[PDB]
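These notes concern the structure reproduced below.
Derivation of every value follows stated rules applied to the coordinates shown; laboratory data play no part. When we count neighbours, we look across all protein chains shown, and the Cβ atoms used for this are built from the backbone with ideal geometry, even at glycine.
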Amino acid sequence: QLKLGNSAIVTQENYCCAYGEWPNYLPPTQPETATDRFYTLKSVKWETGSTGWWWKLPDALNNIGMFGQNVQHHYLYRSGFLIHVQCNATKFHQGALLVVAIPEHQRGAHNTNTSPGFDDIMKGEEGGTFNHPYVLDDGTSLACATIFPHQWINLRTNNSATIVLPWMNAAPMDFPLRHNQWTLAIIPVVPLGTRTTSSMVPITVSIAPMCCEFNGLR
Amino acid sequence: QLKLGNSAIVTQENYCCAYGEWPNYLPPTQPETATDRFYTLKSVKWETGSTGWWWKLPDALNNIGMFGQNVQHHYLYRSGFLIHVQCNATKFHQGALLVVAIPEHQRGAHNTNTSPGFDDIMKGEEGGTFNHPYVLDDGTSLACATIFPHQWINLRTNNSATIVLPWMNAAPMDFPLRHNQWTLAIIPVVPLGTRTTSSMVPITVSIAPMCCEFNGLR
Amino acid sequence: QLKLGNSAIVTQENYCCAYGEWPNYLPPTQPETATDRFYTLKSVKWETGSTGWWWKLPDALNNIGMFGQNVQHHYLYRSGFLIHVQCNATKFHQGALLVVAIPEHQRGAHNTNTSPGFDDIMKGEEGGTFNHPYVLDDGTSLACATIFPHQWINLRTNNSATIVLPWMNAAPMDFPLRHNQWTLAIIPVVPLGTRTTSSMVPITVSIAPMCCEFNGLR
Amino acid sequence: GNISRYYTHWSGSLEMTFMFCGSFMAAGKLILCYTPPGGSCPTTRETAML
Amino acid sequence: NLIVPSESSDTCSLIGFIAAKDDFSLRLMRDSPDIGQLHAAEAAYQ
Amino acid sequence: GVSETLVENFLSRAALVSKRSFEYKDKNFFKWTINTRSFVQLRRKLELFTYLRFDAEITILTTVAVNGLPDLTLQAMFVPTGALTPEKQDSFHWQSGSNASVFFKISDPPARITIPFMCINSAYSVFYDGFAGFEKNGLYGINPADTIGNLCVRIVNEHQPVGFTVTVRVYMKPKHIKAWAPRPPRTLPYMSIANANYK
Amino acid sequence: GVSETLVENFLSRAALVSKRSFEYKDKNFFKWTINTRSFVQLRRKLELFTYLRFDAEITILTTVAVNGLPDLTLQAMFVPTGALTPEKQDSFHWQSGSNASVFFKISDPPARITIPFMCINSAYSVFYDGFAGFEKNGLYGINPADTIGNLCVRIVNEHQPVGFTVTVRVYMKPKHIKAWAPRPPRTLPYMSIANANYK
């Protein structure tokens, strides 16, 4: 069970301390029970031909709850994350998710010289979808994307993945409205498959901001 | 995991020390990492109407690998066996294998006075098939064949069987090209059954010659 | 008597540890009784007008026995040699053999700019014959060829020569099919002579690979 | 294979890992065969047994 | 063979990883042949 | 062989980062905005990581060719972030003392300055998943703190009656490299120096 | 007098190993594959031994002559084994940072680099009794690991309206020589630099 604040998760079937770092406070206000809670996002309809999904952080949580208020009222933030991705399948679904948390995922548009705009990057609660997940939509390789902190959801073995993100910045505190540190990237490497139905296994993303700090209240 | 020599078996779901005897050396050359390895035979297509399969030892391994070279170059052999039979079914297949290792299985032909020839006995890697498995093809009874060393593969309970055969001879060393000590006999007592398909559960036989000795090199 | 492995030599009439180095193992599989044996080559008909003979090692033993199998099945080798050359003459033959073991004997063709091919270098059990033994077939001098490890077979004094070759390479292990470390060069400096017959004194070469190592088995 | 294209000489043990991504009921056997340098690649499964 | 039930998919899949172990050594640095050939490349001089 | 794979030994390499030939009779000088995004070979090494902390060791190498080679005196003033870059060869900003000018000749050994770590933050965000401007017109992937500065090079001499091309090769060697959060090596080719677009 | 016969004192001698005059207006540069097999005087000293382990101390000496001598800047990039050699004077491989370039002038003292021991094996097989290729087309006497590299020298300057010949003398002085397994001195003359053919 993963109970932080008021929101709890009774998860029923393994932490990945991202780069071996547990999130601590800055050695500012510290909302410890107001924001440290699982802002469970909408579960995504994972079909067979789904390419992937990306949620930039804290862009995914700028509009949600007490953390969403403390973004649009404060000015800086300092907060690690704890992403609990759970992909509840039966014993008859197959597939593999690379639940990878990419720091500073500067995306790239396909086949144009124009940079991606504000609309193509800052999606929010709805999240994104990989246009070309083999290259992570930044020209790199999915095959080497395990260099980032990651866990595999192999539906043969597990349905869940828990990644504990630290404060990942050169700066001590940064913009939540402009800058997005991490990017929870869930990419189905092996696609979903079962013969009887073109099935769906919804992937629930629950992002608890660990150890929130804030400054600059207006 | 069953790793002997270079060949390994990552078996994923209980030894039967045959007649309570672990194979030791003779109190000769002793190939300890050249031949002590799992010569995994071809998996046999087990349908519903399959009668059984028999592999005489070491006739099954006279043509395979470093043990197959050391049969056709040396003259005598002294070697126990370790047979790992695995019958990988789902939780929807039913059946029962008597994986029994019969010492000195002098077979008999049906309805003739002529003895079985060299072709009817020394099959090799391809193995044999019981023409009348109720009588073990030697006039005896399958019902009493548990007097030999045996394990049951009841697909309700287990998919594997491991039998550890000692040196079973009156002689200290004997012919590999003429004499066959043991006989791995896999007989489906309860046949395979499932309604949706006339299914197959392939039965993998892996015979590791334990504690090989040899003499008479030409 | 020189008994290594199963092959023995009852030699009946002085080691030359080549560069003072006794062959040891690398501080890999180590065939200690399978390959450490005298692969006695064919005795060469030494007439009066014979120029010399050369056997590149281990090219001379790539087709012979357990060492010949472990060349054409493994990939690297590490093995010193022990060459016992014996030139069985009476007390009426005269002559002198420079039994010299030349490391890295890069030969040269006579009167052409083309390098020697695979056929002119990798002879095998049949060995070679010096086209110009005064210059060792590499432009150097026979007169200075005693800078290599060598023993003299002066038929006045001795009939035998035993050279103990170490592992002579910059590399720790090398190719047996492509590279030939040493070269047993037997050159009659003083030719054979007796008045009553144009006689022959056959020169038996016995090359025991000392301390064989191998890697890369296919 | 991308960091060692910045470097000429590479010398060490690799480590493959094959993860199966079927259903939980799915059973079957595979036969992974490390083949060294030197000879022919195995084409039949019995050649790969050795 | 591949044995799946009548509800699982007939097609399964394998993912293969590779890592180097701790004894992996590397030397004599050169350039990578992977990249090779930019828009607004002269904007650093503007 | 575990020491040549150090990130200090992997990245500290004086690769060419800028090369512009300017005539003399940008107008008759050149400024080069110091980025690592210029050449595709050093960029892919530095796009292996997310956060870099390096002191650049800029070595300005000036050649010359006519149309007797003259012995000129050059200036290689480094304009940092915030200070103003010259628009002319004889502007007032060349005379600005607080900028780190270095005065060298063609016939000298090449001028070499060690530009320190000059980010506002503790490391250079090689990839910045954010926006510089506070409106929606701000460009993506440009950290406001990532700016090294500007390397502005002119010929200190007055006008000479010979017309001649001056080619300047700028070599950057990062020093004291601390690198954080490695990334996959980019497989697809680049499309621009400002962003990570792929084709 | 037993100390001048040391192999360190016998072989560490800056003998000329390469000398090629290239014009300027191989096309207008030269690459030299670093072997000891070039001149017959240093080769016979080094063919006295079988295995050599030496660091080469390459000293590139560049002279110049017209048809006032211009003051040029040269590059003497050492392309190691595996890295690619330039085919043109202005190719991209001159800009490759990971190659060990050295930038010098004609009027400077001669450029001097110490190329390290760069065999894959523990010594240079001077004589290799084997074959490089894995087929029967592979050449005899060429160790794949014996390759030092390639010494590629160009003029960094652009085109100048004078036409002039540049003669470059490359002097190699082996250092820290460890030598194994001495051989007879070769008496017959050479026939090629690739092999030991005699006449």
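Numbers at a glance
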| item | result |
| --- | --- |
| FRET efficiency, B:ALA109 to A:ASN14 (Cβ-Cβ, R0 56 Å, nearest 0.05) | 0.40 |
| Zone of F:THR114's modelled label, taken as backbone nitrogen in segment F:1-28 under 19 Å from a point 7 Å along Cα→Cβ | F:7-15 |
| Taking A:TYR39, A:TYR25 and counting other C-beta atoms within 10 Å, the order from fewest to most | A:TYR25, A:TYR39 |
| Innermost chain G residue relative to the axis carrying G onto F, by Cβ distance in angstrom | G:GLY68, 4 |
| Those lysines that a straight Cα-Cα span of less than 30 Å connects to B:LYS45, excepting residues fewer than 8 apart in one chain | A:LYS91, B:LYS3, B:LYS56, B:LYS91, B:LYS123, D:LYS29 |
| Other protein chain Cβ atoms within 10 Å, averaged over every residue that makes up G:136-149 | 3 |
| Sparsely packed chymotrypsin sites (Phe, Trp or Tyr not before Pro) within segment D:1-44, loop by DSSP, other Cβ within 10 Å at most 14 | D:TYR34 |
| Summed residue charge, Cβ within 11 Å of B:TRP167's Cβ, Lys/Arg positive, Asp/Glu negative | -2 |
| By average C-beta atoms within 10 angstrom, highest first, the peptides E:13-26, B:64-77 | B:64-77, E:13-26 |
| Net charge contributed by nearby residues that have their C-beta within less than 13 Å of C:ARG156 (K/R +1, D/E -1) | 0 |
| Shielding by partners - mean other protein chain Cβ count within 10 Å, residues of C:160-172 | 3 |
| For residues of F:122-135, the mean tally of beta carbons on other chains within 10 Å | 6 |
| Sequence of E:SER8, E:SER32, G:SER21 once ranked by neighbouring C-beta atoms within 10 Å, starting from the fewest | G:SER21, E:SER32, E:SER8 |
| Label zone at G:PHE134 (point 7 Å along Cα-to-Cβ), backbone N below 20 Å, segment D:1-33 | D:1, D:5, D:8-15, D:33 |
| Neighbourhood net charge (9 Å Cβ-Cβ; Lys/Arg +1, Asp/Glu -1) for C:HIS105 | -2 |
| 17 Å Cα cut-off, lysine pairs counted over chain F (separation 8 or more, or different chains) | 9 |
| Rounded, prolate or oblate (a/c below 1.5 giving rounded, otherwise prolate when a/b exceeds b/c) for the protein assembly as shown by Cα gyration tensor | oblate |
